[PDB]
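Every chain is numbered from 1 and lettered A, B, ... according to where its sequence line falls, protein lines coming before strand lines. Side chains included, hydrogens not; waters and symmetry mates left out as well; all remaining heavy atoms used.
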Amino acid sequence: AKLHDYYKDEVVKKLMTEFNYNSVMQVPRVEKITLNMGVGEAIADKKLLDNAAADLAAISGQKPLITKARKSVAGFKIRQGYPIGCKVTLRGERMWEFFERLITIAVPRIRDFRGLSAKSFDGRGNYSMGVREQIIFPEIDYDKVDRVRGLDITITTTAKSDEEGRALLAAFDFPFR
Amino acid sequence: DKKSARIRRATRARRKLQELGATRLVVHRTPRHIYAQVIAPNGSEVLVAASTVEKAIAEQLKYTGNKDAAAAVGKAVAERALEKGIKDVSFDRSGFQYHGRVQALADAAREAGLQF
Amino acid sequence: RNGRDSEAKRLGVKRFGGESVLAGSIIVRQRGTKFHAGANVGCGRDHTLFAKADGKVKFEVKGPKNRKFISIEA
Amino acid sequence: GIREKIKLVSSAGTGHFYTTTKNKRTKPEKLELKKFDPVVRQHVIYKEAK
Amino acid sequence: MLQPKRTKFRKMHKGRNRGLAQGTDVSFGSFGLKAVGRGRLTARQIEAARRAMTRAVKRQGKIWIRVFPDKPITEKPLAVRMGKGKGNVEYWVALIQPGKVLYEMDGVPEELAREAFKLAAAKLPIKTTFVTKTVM
RNA sequence: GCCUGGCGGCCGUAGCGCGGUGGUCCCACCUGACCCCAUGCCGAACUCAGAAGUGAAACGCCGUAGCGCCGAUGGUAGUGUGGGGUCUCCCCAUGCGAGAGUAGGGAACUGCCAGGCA
RNA sequence: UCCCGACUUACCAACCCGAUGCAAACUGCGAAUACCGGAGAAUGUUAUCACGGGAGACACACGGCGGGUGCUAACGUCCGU
RNA sequence: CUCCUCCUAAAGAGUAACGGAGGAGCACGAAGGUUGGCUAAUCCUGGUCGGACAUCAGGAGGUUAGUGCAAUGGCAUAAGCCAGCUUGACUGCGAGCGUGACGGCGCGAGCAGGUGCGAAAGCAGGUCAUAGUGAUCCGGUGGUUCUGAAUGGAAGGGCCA
RNA sequence: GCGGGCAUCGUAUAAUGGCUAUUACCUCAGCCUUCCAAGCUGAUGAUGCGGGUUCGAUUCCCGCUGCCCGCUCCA
């Protein structure tokens with residue numbers, strides 16, 4: 001929302017000088033965020049990856065996507081075509097309303113959250129840290145859930161190296177240790 | 001990779017118009033303009049062409065690059081071909097979905113008269 | 001343990017370049033393509049190229065992949 | 001081989017039938033298709049997947 | 001003895017042995033044992049001449065075997081008729097053309113090498129000469 | 001006459017890397033999506049509105065041989081015909097003659113609209 | 001602190017990089033010949049096709065060339081010519 | 001012991017051996033038609049459990065993948081992958097060829113009648129192709145106003161499936 | 001010249017695709033003065049070794065480490 005409009009004022013005059021950029025189309029923009037639940041408990045049971053999609057259509061706004069398995073493997077007893085993960089992807093102004101809940105709500109409430117990782121970037125400027133708790137998002141609550149399955153959140157931005165990515169999102173007050 | 005995908009869709013529909021030897025009305029769409037050519041059955045060079053890039057069809061329009069502008073080109077490329085004696089033309093999507101502006105341009109050539 | 005082969009399918013080029021063919025004349029029998037159908041030539045379901053029109057047989061490499069085509073020119 | 005032969009019989013009342021095969025153990029649904037009847041020269045529904 | 005660790009096919013045809021060799025220069029060492037005749041070097045012969053070279057140089061200086069026994073020679077048992085399929089693979093040869101560098105050597109003086117390549121040549125069925133490396 | 005865009009010819013001497021470079025003329029991202037439309041989730045894509053921004057990415061054009069790619073001449077291999085020598089396998093006469101590799105070439109060349117000084 | 005592993009072992013050893021070979025079921029190359037078609041002349045008792053009357057023959061052998069098999073044995077065997 | 005693929009096989013076709021290797025005796029009402037999209041294997045890194053590998057995100061790579069089933073020829077315009085709607089896995093034919101000693105087998109544009117797909121134009125007579133098969137006789141079952149042993153029927157026969 | 005398991009201490013299951021299932025042997029425990037006979041309570045399998053195809057092999061496809069019946073003749 002106004003976190004999206006934080007980009008039009010509070011980052012541009014501030015990240016025009018952190019790397020001495022050429023243009024306003026150079027400022028590292030945030031392209032998409034994907035909310036992966038890798039559910040390796042959906043073969044012997046079927047009534048829970050929908051439960052992983054039950055909250056993901058409440059944590060983020062939209063009907064979640066069941067992913068297939070892409071390859072038959074034996075180390076985890078799955079063939080291909082099987083429901084294995086369930087991800088959601090977020091763009092537009094209804095990703096910064098979600099991203100406001102990862103600066104206002106989420107990072108207060110993580111257990112032993114003495115720090116925020118900074119070496120988690122892939123190398124190209126993409127931050128992908130996941131949370132171990134699906135109790136930390138306040139859209140779903142205490143008398144609701146059976147598992148604590150949790151999820152990943154991969155932040156994708158248009159940076160080039162990862163310290164553009166490190167200094168590309170911390171400007172939205174994403175803290176670090 | 002918007003152009004690399006689009007010429008991949010067209011290059012099956014560009015064929016069956018070389019192996020058929022049909023006069024191709026080809027449409028090129030872009031965010032703000034809309035283009036059309038009529039090309040001979042050979043692959044060599046065009047017969048008639050029309051777009052919004054000409055200044056005739058520039059300020060006859062409220063805006064360049066919308067469906068009412070595509071119907072401006074739809075009358076324009078068709079009425080300029082019949083005066084050369086070209087009908088029984090085949091429409092080439094050129095990778096665009098026949099839905100929006102390019103539907104509005106082929107619709108406005110079928111009214112003005114181009115035999116498909 | 002061995003001993004089996006199959007009947008030979010009589011594949012290959014039946015009308016070579018510069019030969020004048022009637023329409024419907026089989027020009028090459030093949031398994032894959034290895035020869036693509038140019039002008040006045042159909043591909044067929046077993047990829048047997050055949051003359052769609054009377055004329056002379058014409059082989060030419062043409063395309064962004066240097067693929068051998070077969071046209072028919074009257 | 002382990003597919004039985006069925007007998008697609010027309011709906012047009014004429015005795016014209018097609019014959020085809022069917023996995024009987026996989027698919028027990030009566031296969032019905034709109035095929036051509038040369039006795040009446042219309043496309044009609046063929047039924048009765050034996 | 002040398003043998004491929006796996007092959008895609010158990011038996012080969014007999015083939016022929018026409019032509020001249022392609023690896024004809026001393027590539028790695030200084031002194032070579034070039035083949036000047038033509039025949040087949042079984043892996044028993046290549047190994048017998050590999051020991052006879054190494055024992056003559058007293059385990060000193062590097063030794064390359066530039067050929068490899070990669071052809072399976074079959075041989076029908078005794079008292080069996082003709083026919084009844086191809087026989088069973090009994091040894092492995094390298095086909096050798098005139099001009100093939102069989103072995104190579106450096107790290108020893110030349111007169112120890114020409115001595116050691118003379119002891120190896122008496123283990124091979126192929127007339128051989130001693131060649132040294134050439135610039136161009 | 002350079003510049004851009006469609007369609008081609010052509011199919012690596014045309015590709016790739018590396019470097020420089022271009023703006024509302026065109027093209028690209030880009031603004032927004034409420035509806036036509038649509039995503040097995042996302043206006044990402046497709047699609048529709050309309051130009052606030054930027055030429056960053058893409059995309060052209062210009063550099064550079066780093067890499068592909070192209071590549072003679074001569075020689076060698078092989079070989080048709082003829083005649084010879086002998087385990088195999090060659091040699092002569094004559095005709096054809098590679099592949100590989102060298103020298104070197106090489107940063108493609110070309111038929112419609114539009115733009116701006118002519 | 002079995003987690004350290006700093007101290008390094010004539011090392012098992014990828015993938016990559018350089019050099020070197022081999023293949024019949026390898027091919028980013030690629031002949032000679034042969035084969036198809038076309039156009040020419042000379043030559044050949046139509047040699048060429050078709051249709052019909054009558055056949056025989058369907059145990060081949062060796063020699064050159066290209067090969068499979070065999071032992072690059074066989075006056076061996078099995079193909080092509 | 002029939003069939004398919006490769007090599008032998010001599011750069012057209014063909015070509016033997018108790019020569020060298022493999023496969024078939026099906027599957028599929030979608031795995032067929034069409035229309036609209038799409039593009040892989042592997043690897044690196046990131047890391048809620050998660051490990052070499054489940055899922056997600058990027059980079060590399062460029063088909064090393066995939067092709068219902070062997071191997072070979074193919075395949076990006078994909079013949080690979082996904083959904084929409086569907087029955088052309090149509091009936092009668094078929095110029096013309098290819099291939100066999102023959103029986104036979106194969107390819108086929110086009111025409112006729114109807115039909116499917118396009119919110120327009122623009123294809124389909126089964127599947128990427130090549131194995132998945134059995135002549136005749138004798139019957140069986142439907143259809144057919146073709147024959148119907150004095151005639152009218154019928155039985156039997158024919159023809160079509 | 002067929003190929004049947006190459007299965008736990010040992011013997012027999014699971015041989016057209018997971019987890020490994022009987023019976024003895026066994027290590028412990030209780031009865032008995034001590035042994036037995038018991039009756040209870042447990043232990044373990046790269047499923048000979050290593051190759052493929054496989055998503056995955058006791059399972060297939062070959063290898064091939066021995067073996068038990070084989071048949072190796074007509075002169």
Side-chain angles (χ1 to χ4, degrees), chain A residues 22-26 32 34 36 38 40 62-65 67 69 72-79 84-85 87-91 120-124 126 128 130-132 150-152 154 156, chain B residues 11-12 15-16 26 28 30 32 35 37 39 43-46 49 51 53 63 66 90-91 97-100 106 116, chain C residues 2 6 8-10 12-14 16 18-19 22-26 29-34 42 44 46-48 50 52 63-64 66, chain D residues 1 15 17 20 31 33-36 38 41-43, chain E residues 9 11-14 17-18 22-23 27 38 66-68 70 76 82-86:
Chain A
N22 307 85
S23 76
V24 83
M25 283 289 106
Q26 183 65 260
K32 54 147 167 300
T34 64
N36 181 26
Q62 56 201 6
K63 166 67 177 295
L65 176 86
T67 52
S72 308
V73 303
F76 327 106
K77 282 305 182 172
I78 66 171
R79 324 264 187 190
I84 290 309
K87 75 149 160 67
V88 175
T89 175
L90 288 96
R91 294 154 145 89
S120 90
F121 283 80
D122 57 349
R124 277 302 178 87
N126 285 325
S128 184
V131 305
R132 304 176 194 138
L151 43 76
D152 297 335
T154 297
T156 286
Chain B
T11 184
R12 195 218 172 83
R15 323 293 159 88
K16 202 75 97 167
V26 289
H28 192 255
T30 181
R32 189 186 76 248
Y35 303 87
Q37 292 153 342
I39 310 183
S44 299
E45 271 271 3
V46 314
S51 170
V53 66
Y63 176 55
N66 37 3
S90 291
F91 189 76
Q97 306 285 89
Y98 181 77
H99 172 261
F116 51 81
Chain C
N2 302 314
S6 38
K9 296 303 152 188
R10 277 79 178 171
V13 188
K14 299 305 170 204
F16 286 90
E19 295 198 62
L22 292 168
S25 298
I26 287 172
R29 296 186 71 237
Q30 60 212 6
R31 280 285 95 95
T33 43
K34 183 185 175 294
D46 67 332
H47 308 283
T48 299
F50 65 98
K52 272 167 80 162
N66 309 294
Chain D
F17 57 93
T20 189
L31 170 71
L33 297 140
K34 295 175 73 70
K35 304 186 77 64
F36 185 75
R41 308 155 68 233
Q42 323 288 348
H43 266 79
Chain E
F9 288 119
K11 307 173 181 183
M12 287 212 80
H13 278 344
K14 190 202 310 296
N17 199 12
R18 293 197 36 191
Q22 299 320 300
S27 281
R38 159 200 320 277
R66 298 271 320 274
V67 303
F68 186 74
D70 60 276
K76 284 208 130 82
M82 292 288 110
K84 268 81 76 173
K86 192 164 175 95

Quiz item: Expressed in whole Å, how much space separates the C1' atoms belonging to G:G76 and G:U33?
Solution: 32 Å
Exercise. Check if the side chain of D:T20 and the base of H:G29 share a donor-acceptor pair of N or O atoms closer than 3.5 Å.
Key: yes
Exercise. Looking at every strand, decide which applies to E:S27 at a 4.0 Å heavy-atom threshold: base, sugar-phosphate, or nothing.
Key: sugar-phosphate
Quiz item: For A:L151, which contact category applies under a 4.0 Å heavy-atom criterion: base, sugar-phosphate, or nothing?
Solution: base
Quiz item: Is B:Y63 stacked on the base of F:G50, with ring centres under 5.5 Å apart and planes under 30° apart?
Solution: no
Quiz item: With a non-hydrogen cut-off below 4.0 angstrom, is B:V26 in contact with a base, only sugar-phosphate, or nothing?
Solution: nothing
Exercise. Quote, to the nearest angstrom, the P distance that separates F:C59 from H:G59.
Key: 14 Å
Exercise. May I ask you to say what B:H28 touches in the nucleic acid, namely base, sugar-phosphate or nothing, with a heavy-atom cut-off under 4.0 Å?
Key: sugar-phosphate
Quiz item: Contact class for A:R79 (heavy atom, under 4.0 Å): base, sugar-phosphate, or nothing?
Solution: base
Practice problem: Kindly say if C:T33 contacts the phosphate of H:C75, meaning a side-chain N or O under 4.0 Å from OP1 or OP2. | Solution: yes
Self-check item: Side-chain donor/acceptor of A:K32 to base of F:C42, under 3.5 Å
Solution: no
Quiz item: With distance as the sole criterion, do the side chain of B:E45 and the base of F:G8 form a donor-acceptor contact below 3.5 Å?
Solution: no
Practice problem: Please work out if A:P64 contacts a base, only the sugar-phosphate, or nothing of the nucleic acid, heavy-atom cut-off 4.0 Å. | Solution: sugar-phosphate
Quiz item: Any donor-acceptor pair under 3.5 Å joining the side chain of B:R15 to the base of H:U77?
Solution: yes
Practice problem: Using a heavy-atom cut-off of under 4.0 Å over every strand shown, decide if A:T156 touches base, sugar-phosphate, or nothing. | Solution: sugar-phosphate
Quiz item: Does any donor-acceptor pair link the side chain of B:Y35 with the base of F:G5 at a separation under 3.5 Å?
Solution: no
Practice problem: Would you check if H:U67 and H:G116 are a Watson-Crick or G-U wobble pair, both distances kept under 3.5 Å? | Solution: no
Quiz item: What interatomic distance, in whole Å, is found between P of H:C53 and the corresponding atom of H:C43?
Solution: 9 Å
